[PDB]
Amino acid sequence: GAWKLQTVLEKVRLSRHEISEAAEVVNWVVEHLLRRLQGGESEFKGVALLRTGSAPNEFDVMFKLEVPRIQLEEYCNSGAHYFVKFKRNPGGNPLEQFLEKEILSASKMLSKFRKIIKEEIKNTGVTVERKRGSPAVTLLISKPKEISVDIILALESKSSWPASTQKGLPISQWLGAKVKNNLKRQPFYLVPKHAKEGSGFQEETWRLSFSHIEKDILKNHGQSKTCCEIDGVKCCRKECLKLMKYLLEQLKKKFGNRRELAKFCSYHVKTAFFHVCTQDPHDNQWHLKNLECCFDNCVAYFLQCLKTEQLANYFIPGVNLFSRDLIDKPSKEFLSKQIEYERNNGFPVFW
């Protein structure tokens, strides 16, 4: 009880109320816009909502677009980025006007996407800011409350997951082979996300997105089916993830005046957390009463990731989120030093 983590969890929860009401607002706007696209005659007719995914004035949502016969070409042997292409369909491809020869232009598609949402924003109390660099068409909600909502276009493919994901999702000892097999039968998504710097080639690439698998695993996170249910026993997995996210955000805000923490995000700790679930697959390794030791274990694993510059994408093992290509050594050293300090002093940044 020395770290008083339950009190920290209460602090984090208290905040859940305001964002709960912003939902009504986002729900209202977004669902309308969807109806609009679906009823119009644009290439985004087949658009639908994806429920996947703190700071209460900022949300993002994903509009998926089924597209069949998707073929993927790996971009520069990177397991995450891909060119999307199509062979000739005798019928029309609704995205045919975005192709240059066989391959899909993310830029021309996003440009068009942004264009027609702008035309459909016609009442109001809501606008869309000029392009942040980000793929998202971001909405600015004036009233009732002030809300930023980023709309992320995604392609949905119902084909088998790409080869790069072959050794990914190492959950066989934890959630089991049947769950793993069923998750991998689910569709995957492609999102036009590329680095700020980058060639025009990169700007036309798409990266794999498994946010829906992540959500499923977090919500169904126990080896026992009764984990955290009333007729079961409570684990601390979700509490550890929340605390890890909270530690990073409190640190990013404490040191927002320097560059070293700018490239770290919640996805890094979530990724590290999933690896810890794989190392410790049994519910009895996560008893709620041992919250402190479990949190400490997650923190130590994350420190080992920083030091060794190794944090493999959970779904795409060939992708190292902590490679020196992506985050320089001094940045990881800085975060390492702060996390060691926090850990040695019972996490003062929580208070």
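Note that residue numbering begins at 1 and tracks the sequence as displayed.
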Open item on the list: Can you count the deposited residues that have no coordinates between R132 and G133 and report it as none, 1 to 3, 4 to 9, or 10 or more?
Closed with: 1 to 3
Task: Continuity check for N77 and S78, given as deposited residues lacking coordinates between them - done: none
- [ ] Averaging only over Cα atoms, indicate whether 179 to 187 or 98 to 106 has the higher B-factor in the PDB entry.
- [x] 98 to 106
- [ ] Output the stretch having the higher mean C-alpha B factor in the entry; the candidates are 234 to 242 and 198 to 206.
- [x] 198 to 206
Task: Residue of maximum C-alpha B factor among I327, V25, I339, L9, per deposited coordinates - done: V25
TODO: Compare the CA B factors listed in the entry for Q310, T52, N284, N313 and report the winner.
DONE: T52
Task: Entry-reported Cα temperature factor of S224, expressed as the chain third it lands in - done: lowest
Task: Within-chain third of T271 by Cα B-factor, per the entry - done: lowest
Open item on the list: When the deposited Cα B-factors of this chain's modelled residues are ordered and cut into thirds, is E146 in the lowest, the middle or the highest one?
Closed with: highest
Open item on the list: Lowest, middle or highest third: which one holds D280 when the chain's residues are ordered by CA B-factor from the entry?
Closed with: lowest
- [ ] Would you mind checking where the Cα B-factor of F86 ranks among the modelled residues of its chain, as the lowest, middle or highest third?
- [x] highest
